[PDB]
Amino acid sequence: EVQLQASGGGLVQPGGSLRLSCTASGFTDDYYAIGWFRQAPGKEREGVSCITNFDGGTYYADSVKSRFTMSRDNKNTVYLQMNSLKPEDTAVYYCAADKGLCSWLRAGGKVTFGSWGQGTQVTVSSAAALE
């Protein structure tokens, strides 16, 4: 059965790091794409990153291109390493997969002809130093 299991959210200080994971099960077509989009408080959805299963090509939204890195573990997991985190990165992050489109990277961050899992909260705040 097709599943997208997520994990790795939390509260971190600005300049910090967090890693999100998404384990994709049951995908047998070579042409899927997997990645993330996010929903920041009071903002419209925004695409974050995408990896195409064919060729392993990686795509990033301009807002995260030099700070975030996506990687894969062939068990069926993709990782989003977030570094130099900024308060504006605070959002609910959703793992998504589509039919090789990376649709959520178009303006508006809307998945089309795809699938998405449950959100994971990532908060970047000075409040994190108070644990």
Side-chain angles (χ1 to χ4, degrees):
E1 270 145 69
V2 167
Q3 298 155 248
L4 291 178
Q5 176 71 89
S7 64
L11 254 76
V12 68
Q13 286 186 77
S17 313
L18 280 173
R19 187 209 236 182
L20 304 185
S21 70
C22 177
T23 304
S25 300
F27 290 93
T28 71
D29 56 34
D30 188 15
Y31 48 77
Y32 75 96
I34 185 158
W36 284 264
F37 63 93
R38 63 183 183 192
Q39 209 169 32
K43 296 189 174 279
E44 281 182 344
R45 280 166 283 151
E46 179 185 17
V48 174
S49 65
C50 189
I51 200 157
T52 50
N53 189 74
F54 47 98
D55 69 58
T58 318
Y59 302 85
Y60 296 97
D62 293 328
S63 62
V64 307
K65 66 177 178 290
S66 58
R67 296 178 303 116
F68 292 6
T69 307
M70 254 189 109
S71 58
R72 297 180 293 187
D73 188 279
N74 49 82
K75 294 175 185 182
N76 296 300
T77 310
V78 302
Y79 300 98
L80 183 66
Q81 183 60 62
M82 298 179 288
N83 289 301
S84 279
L85 278 164
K86 296 184 212 175
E88 71 178 33
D89 297 314
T90 298
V92 180
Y93 284 72
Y94 294 89
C95 178
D98 69 15
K99 206 181 186 184
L101 309 177
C102 293
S103 62
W104 58 89
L105 291 188
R106 305 217 300 105
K110 293 183 181 72
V111 172
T112 64
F113 305 104
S115 55
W116 58 97
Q118 290 191 308
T120 319
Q121 180 63 34
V122 169
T123 301
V124 182
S125 174
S126 62
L130 306 171
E131 203 164 44

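Starting from 1, each residue takes its place in the sequence as its number. All values below come from the heavy atoms of this structure, side chains included, with hydrogens, waters and symmetry mates left out.
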Positive for side chain to side chain contact (heavy atoms under 4.5 Å, CB included) with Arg67, one of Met82, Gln81, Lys86
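The option that passes is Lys86.
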Quick check on the hydrophobic clustering: are [X] and [Y] connected, directly or via other members, by side-chain heavy-atom contacts under 4.5 Å?
| X | Y | value |
| --- | --- | --- |
| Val92 | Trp116 | yes |
| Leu101 | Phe54 | no |
| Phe27 | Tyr31 | no |
| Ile51 | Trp104 | no |

Quick one, [X] and [Y] - any side-chain contact, counting heavy atoms below 4.5 Å?
| X | Y | value |
| --- | --- | --- |
| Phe68 | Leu80 | yes |
| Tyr60 | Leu105 | no |
| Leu4 | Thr23 | no |
| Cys22 | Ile34 | yes |
| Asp73 | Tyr79 | yes |

Under 3.5 Å, is there a donor on one side chain and an acceptor on the other for [X] and [Y]?
| X | Y | result |
| --- | --- | --- |
| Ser7 | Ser21 | yes |
| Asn83 | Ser17 | yes |
| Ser25 | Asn76 | no |

Check the orientation of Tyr94 and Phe37. Use parallel for under 30°, tilted for 30 to 60°, and perpendicular for over 60°.
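Ring orientation, 0 to 90° scale: parallel.
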Member of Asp89, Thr90, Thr120 meeting the side chain to side chain donor-acceptor pair (under 3.5 Å) criterion with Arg38
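Between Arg38 and the candidates, side chain to side chain donor-acceptor pair (under 3.5 Å) is satisfied uniquely by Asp89.
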For this session: Verify salt bridge (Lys or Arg N to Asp or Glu O under 4.0 Å) between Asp62 and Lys65, making sure each step is shown before the conclusion.
Result: CA-CA 5 Å; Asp62 293 328; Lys65 66 177 178 290; 3.8 Å; yes
